[PDB]
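Worksheet for the structure shown next.
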Number of protein chains: 2
Amino acid sequence: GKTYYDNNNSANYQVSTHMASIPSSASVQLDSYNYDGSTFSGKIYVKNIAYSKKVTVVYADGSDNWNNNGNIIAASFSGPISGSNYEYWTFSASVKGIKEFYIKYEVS
Amino acid sequence: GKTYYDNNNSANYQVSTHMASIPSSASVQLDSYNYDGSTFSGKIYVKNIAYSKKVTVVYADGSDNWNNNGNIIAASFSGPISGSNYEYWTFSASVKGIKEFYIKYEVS
Ligand SMILES: [Cl-]
Ligand SMILES: [Cl-]
Ligand SMILES: [Cl-]
Ligand SMILES: [Cl-]
Ligand SMILES: [Cl-]
Ligand SMILES: [Cl-]
Ligand SMILES: [Cl-]
Ligand SMILES: [Cl-]
Ligand SMILES: [Cl-]
Ligand SMILES: [Cl-]
Ligand SMILES: [N+]
Ligand SMILES: [N+]
Ligand SMILES: [N+]
Ligand SMILES: [N+]
Ligand code: NA
Ligand code: NA
Ligand code: NA
Ligand code: NA
Ligand code: NA
Ligand code: NA
Ligand code: NA
Ligand code: NA
Ligand code: NA
Ligand code: NA
Ligand code: NA
Ligand code: NA
C-alpha cells in the first residue's frame, strides 16, 4: 500500500494542443505510428471525400513477408479535425513482427 | 443539473465477476460480439497452444460480400484466463455493414 508519482520533477507535465499538419493534398496520409515489439498502433489523416470509408493498414511481417498483401489491420474513425476537411483514424493491434507497411483507403 | 447520474435507482450497479466458460476443446472460440451499426467488437477465447499467435476476424460486409475473404479485422491479446489454458483476445473496428463472420487463429 504505497503510492508513487511521476510529476515531472514537481513541475507537472505542461500540455499544449498538438496542432494538425493536414496533408496539402493527399486523400490519406499516415500521421504517426509506434511499434514497441508487441503492439503496432498509429494515427492516420483521412480526407473526408465521401461518407462511407474503410481504412486499413497492409503490412509485411517480421521476416518482411507480405503474405500476398494479406496481413491486414483495420483502422477506426477517431474524429474530425476541426476546421479542416480531414479526420483522424487510429489503429492498434498485437503484432509479432513487422518490417514494412502502407495504408489503404476505400471510399463509396 | 450540470451533473447527472446513473446510480441504478439509488442501488448502484452490483458487480459479480463474469466467470469464463472455457471451450471444452476448441483451439479458438468466439466468446461474444456486438455490432451497433458503427462499431463491430467482441471477445474471443484462444487456446494457448503455442507462443506466437495471430487472431483475425474475417467477415462479409453489409450486402453479404466476403470480397474473397479479404475483409479482415485484427484482434489483440487481452490477458490469460487465470487457472485455464485459454486467453482472452478482443477486437473492435469501425464497420459500415457486416452480415456474417468467422475467426481465424494462426500459430507459429
Ligand atoms: Cl519525471
Ligand atoms: Cl502513434
Ligand atoms: Cl463526405
Ligand atoms: Cl492493441
Ligand atoms: Cl449512488
Ligand atoms: Cl436499493
Ligand atoms: Cl462483446
Ligand atoms: Cl457495407
Ligand atoms: Cl455467404
Ligand atoms: Cl496457459
Ligand atoms: N484491426
Ligand atoms: N461522484
Ligand atoms: N440515476
Ligand atoms: N450516484
Ligand atoms: Na515524480
Ligand atoms: Na517547476
Ligand atoms: Na502545476
Ligand atoms: Na511516427
Ligand atoms: Na513475424
Ligand atoms: Na492492398
Ligand atoms: Na467451437
Ligand atoms: Na454475443
Ligand atoms: Na489470423
Ligand atoms: Na482470469
Ligand atoms: Na481490433
Ligand atoms: Na456463410
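Here, A, B, ... name the chains of the C-alpha cells in the order displayed, residue numbers run from 1 inside each chain, and ligands are numbered from 1 in the same displayed order.
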Pair the Cα atoms of chain A and chain B in order, fit the first onto the second, and let me know the RMSD in Å.
0.7 Å
Would you tabulate, counting only C-alpha atoms, all residues of chain A that have an atom at most 6 Å from an atom of chain B, showing the closest pair of atoms and their distance in Å to one decimal, sorted by chain then ascending number, as JSON lines?
```
{"residue": "A:73", "atom": "CA", "partner": "B:74", "partner_atom": "CA", "distance": 5.3}
{"residue": "A:74", "atom": "CA", "partner": "B:73", "partner_atom": "CA", "distance": 5.4}
{"residue": "A:76", "atom": "CA", "partner": "B:94", "partner_atom": "CA", "distance": 4.8}
{"residue": "A:93", "atom": "CA", "partner": "B:76", "partner_atom": "CA", "distance": 5.3}
{"residue": "A:94", "atom": "CA", "partner": "B:76", "partner_atom": "CA", "distance": 4.7}
```
File of the preceding selection, N, CA and C atoms, as a JSON list (two decimals), in the first residue's frame:
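As written to disk, out21.json reads:
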```json
[["chain", "number", "residue", "atom", "x", "y", "z"],
["A", 73, "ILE", "N", -4.70, -4.84, -40.83],
["A", 73, "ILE", "CA", -5.20, -4.27, -39.57],
["A", 73, "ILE", "C", -6.22, -3.22, -39.98],
["A", 74, "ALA", "N", -7.40, -3.24, -39.35],
["A", 74, "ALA", "CA", -8.45, -2.25, -39.62],
["A", 74, "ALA", "C", -8.29, -1.07, -38.72],
["A", 76, "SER", "N", -10.01, 2.59, -37.09],
["A", 76, "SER", "CA", -11.29, 3.10, -36.61],
["A", 76, "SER", "C", -11.31, 4.62, -36.66],
["A", 93, "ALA", "N", -2.92, -2.96, -32.80],
["A", 93, "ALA", "CA", -3.06, -4.44, -32.92],
["A", 93, "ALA", "C", -1.84, -5.10, -32.30],
["A", 94, "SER", "N", -2.06, -6.31, -31.75],
["A", 94, "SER", "CA", -0.95, -7.18, -31.32],
["A", 94, "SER", "C", -0.27, -7.69, -32.58]]
```
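Closest approach to ligand 11 among A:34, A:8, A:41, A:16: A:41, based on only C-alpha atoms and all ligand atoms.
When only C-alpha atoms and all ligand atoms are used to compute distances to ligand 11, the closest of the residues B:35, B:40, B:101, B:88 turns out to be B:40.
The space separating atom CA of residue A:14 from atom CA of residue A:85 comes to 28.9 Å.
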Name the residues in contact with residue B:102 at a cut-off of 10 Å, using only C-alpha atoms, excluding same-chain residues fewer than 2 positions from it; report them as JSON, numbers by chain.
{"B": [29, 30, 56, 57, 58, 59, 60, 100, 104]}
Output the neighbourhood of ligand 3 as JSON, numbers by chain, that is, all protein and nucleic acid residues with some atom at most 7 Å from the ligand, counting only C-alpha atoms and all ligand atoms.
{"A": [48, 49, 50, 51]}
Counting only C-alpha atoms and all ligand atoms, which residues in chain B sit no more than 7 Å from ligand 14? For each one, give the nearest pair of atoms and the distance in Å, sorted by chain then residue number, as JSON lines.
```
{"residue": "B:5", "atom": "CA", "partner": "ligand 14", "partner_atom_place_in_ligand_line": "1 (N)", "distance": 5.6}
{"residue": "B:6", "atom": "CA", "partner": "ligand 14", "partner_atom_place_in_ligand_line": "1 (N)", "distance": 6.5}
{"residue": "B:7", "atom": "CA", "partner": "ligand 14", "partner_atom_place_in_ligand_line": "1 (N)", "distance": 4.7}
{"residue": "B:10", "atom": "CA", "partner": "ligand 14", "partner_atom_place_in_ligand_line": "1 (N)", "distance": 6.7}
```
Please indicate the distance in Å from atom 1 (Cl, counted along the ligand's line) of ligand 10 to atom CA of residue B:20, rounded to one decimal place.
14.2 Å
